[PDB]
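Report on one structure; see the data block that follows.
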Amino acid sequence: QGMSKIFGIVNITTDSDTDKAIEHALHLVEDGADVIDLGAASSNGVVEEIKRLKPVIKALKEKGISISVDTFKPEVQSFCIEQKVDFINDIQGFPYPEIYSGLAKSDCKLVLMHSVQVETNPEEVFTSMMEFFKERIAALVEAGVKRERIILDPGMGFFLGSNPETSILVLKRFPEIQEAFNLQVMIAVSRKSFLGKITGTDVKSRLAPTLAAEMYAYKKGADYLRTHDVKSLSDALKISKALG
Amino acid sequence: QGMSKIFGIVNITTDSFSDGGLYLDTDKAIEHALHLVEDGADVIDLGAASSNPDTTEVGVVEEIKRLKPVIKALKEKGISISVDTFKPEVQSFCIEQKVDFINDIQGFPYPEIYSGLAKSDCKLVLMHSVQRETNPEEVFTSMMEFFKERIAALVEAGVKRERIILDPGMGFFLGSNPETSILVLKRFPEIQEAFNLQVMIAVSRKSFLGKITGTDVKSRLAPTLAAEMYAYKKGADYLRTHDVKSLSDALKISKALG
Ligand SMILES: Nc1nc2ncc(CO)nc2c(=O)[nH]1
Ligand SMILES: Nc1nc2ncc(CO)nc2c(=O)[nH]1
């Protein structure tokens with residue numbers, strides 16, 4: 001029942017020049033987003049990724065906008081280390097110990113996401129997820145990163161396997177991750193394919209299956225939420241809180 | 001938390017509206033009904049009221065003329081029909097048509113039609129409304145007494161108690177005060193226990209939702225869905241909505257998520 005901070009998804013490439021992604025990043029802030037999750041990915045490339053970030057990064061910092069960057073490459077990550085973005089989203093969970101001490105000299109909060117790319121007993125995935133967090137958080141702490149800087153993401157959708165039951169189990173049991181490590185947790189359900197396998201609808205185009213899962217996560221204590229339609233979630237969270 | 005029926009709103013007057021001519025497209029309303037049903041609607045809430053207040057005998061026979069083809073066609077396909085009208089002459093036409101529900105936003109205040117309502121097998125949607133700056137607490141108390149007096153006067157005439165569905169009213173029907181709508185939304189389970197009757201919640205696209213967020217809720221679904229979700233988990237028996245598919249798809253997520 002805690003107020004969740006919204007993460008606005010802005011993809012730099014599919015929106016673009018830089019201005020179409022910039023104006024998409026301020027319209028979401030004008031809609032109730034606390035942090036803008038910047039993504040700039042194409043096909044097949046470190047300089048190409050960074051070149052699209054620099055104009056959007058410092059433009060949002062010129063207006064005091066908290067920025068999250070979705071990158072799994074350490075060279076792109078070390079760039080975000082010294083640009084001093086407020087968040088750095090890694091869908092791989094920092095598996096390369098090269099930049100470990102590099103992440104300790106910084107202060108940007110780290111987001112530790114877990115995935116399991118093939119046979120899914122849905123609870124066995126949860127247990128190994130508990131052990132994955134226990135080993136990766138410790139090694140990050142041993143490298144100098146403060147424990148108060150890690151945010152856990154249990155993964156969702158195709159990051160948990162083609163089985164929709166796996167994503168349902170984690171959506172019901174993510175409070176257990178909250179109290180086992182005493183740390184914040186973000187849930188990302190927006191337009192993920194497994195929502196269509198439950199309702200039989202055209203995902204990526206239907207907001208309501210998506211909205212129902214984000215309110216459920218908010219009502220169970222999710223600290224952060226990652227979505228596309230921000231003004232829809234912002235109004236869903238305003239109604240949900242005022243309604244008791 | 002449990003079951004919930006969905007009322008599909010079909011404004012026959014709106015589906016036959018004015019793009020440069022009025023109330024001759026009697027098939028758009030019929031297609032809007034059959035559409036909403038394959039989106040997950042349980043009952044079709046037909047509404048053929050005039051665009052502006054009309055209280056003559058012509059507006060009566062005009063309301064039946066807009067309901068007569070839509071009611072008939074939906075009957076041939078086994079569709080639960082609910083008529084959204086507050087006129088006694090229109091309601092008597094719905095009784096002889098064997099319509100499933102009669103949705104009255106005035107709470108049936110005319111005793112002349114009580115005789116016709118007793119013989120009917122249709123269910124009744126008794127709605128409560130407000131006088132016209134009343135404190136939200138006193139609106140709830142007067143609503144309780146209003147249901148208590150009107151339910152008795154209906155069973156006195158011969159309407160079996162179990163056919164009465166209670167609607168507390170929402171938004172402008174409770175006043176321009178948003179907290180009055182919030183109080184009813186978070187305290188309506190007290191209605192189902194005091195009267196042991198079903199309760200219908202109708203929040204779809206009401207102005208008070210915009211006063212809480214600050215967005216145009218008349219054409220948007222997110223605040224309508226958030227409020228419709230809360231009433232579902234709180235045990236609302238029926239749900240009157242516009243976007244049936246978005247609510248039906250939403251109910252399929254909460255049922256899987258538990
Ligand atoms: N933290 C987090 N980030 C993501 N980035 C991209 C995508 C692709 O949908 N998913 C996610 C996600 O599920 N969680
Ligand atoms: N049963 C019921 N019917 C309504 N009809 C029209 C309108 C106006 O939107 N409201 C309602 C309502 O709140 N409850």
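The analysis underlying the following values was restricted to heavy atoms, covering all of them including side chains, and did not include hydrogens, waters or symmetry mates. Both counts, for ligands and for their atoms, begin at 1 and track the order of listing. Labels below follow one simple rule: chain letters A, B, ... track the order of the sequence lines, proteins then strands, and each chain is numbered from 1.
- Ring orientation note: the planes of B:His128 and B:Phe146 are tilted relative to one another, at an angle of 30° to 60°.
- At the shortest separation from atom 8 (C) of ligand 1 among protein heavy atoms lies A:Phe159 CE1, 3.8 Å.
- Not less than 6.0 angstrom separates the ring centroid of A:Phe158 from the ring centroid of A:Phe194.
- Distance from atom 11 (C) of ligand 1 to its nearest protein heavy atom, with residue and atom name: A:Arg226 NH1, 4.0 Å.
- Backbone and side-chain nitrogen or oxygen atoms of B:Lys206 are examined, and one is located within less than 3.5 angstrom of a nitrogen or oxygen of ligand 2.
- At a heavy-atom cutoff of 4.0 Å, ligand 2 is contacted by no atom of B:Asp45, backbone or side chain.
- Going from atom CD1 of B:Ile71 over to atom CD1 of B:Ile64 covers 8.5 Å, rounded to the nearest 0.5 Å.
- No donor-acceptor contact under 3.5 angstrom links the side chains of A:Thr120 and A:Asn163, judged on distance only.
- Among protein heavy atoms, atom 14 (N) of ligand 1 sits closest to A:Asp153 OD2, 3.2 Å.
- Remark: aromatic rings of B:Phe108 and B:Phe86 are distant, center separation not under 6.0 Å.
- Using a non-hydrogen distance threshold of 4.0 Å, B:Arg205 does not register as a contact of ligand 2.
- Close approach of ligand 2 to B:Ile105 is summarised as follows: ligand atoms under 4.0 Å from at least one heavy atom of the residue are 3 (N), 4 (C), 5 (N).
- Regarding atom 5 (N) of ligand 2, its nearest protein heavy-atom neighbour is B:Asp84 OD2, 2.9 Å.
- Annotation: atom 12 (C) of ligand 2 to nearest protein heavy atom, B:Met127 SD, 3.5 Å.
- Between B:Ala227 and A:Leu243, the shortest heavy-atom distance links the atoms CA-CD1, 4.2 Å.
- Note on ligand 2: B:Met170 sits outside its first shell, no heavy atom being nearer than 4.0 Å.
- A salt bridge is absent between A:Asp86 and A:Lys109: the closest approach of a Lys/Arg side-chain nitrogen to an acidic carboxylate oxygen does not fall below 4.0 angstrom.
- For B:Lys28 and B:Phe17, the positive end sits near the middle of the six-membered ring, less than 6.0 Å away and at most 45° from its axis.
- Residue-ligand proximity: A:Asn89 is placed with a non-hydrogen atom under 4.0 Å from ligand 1.
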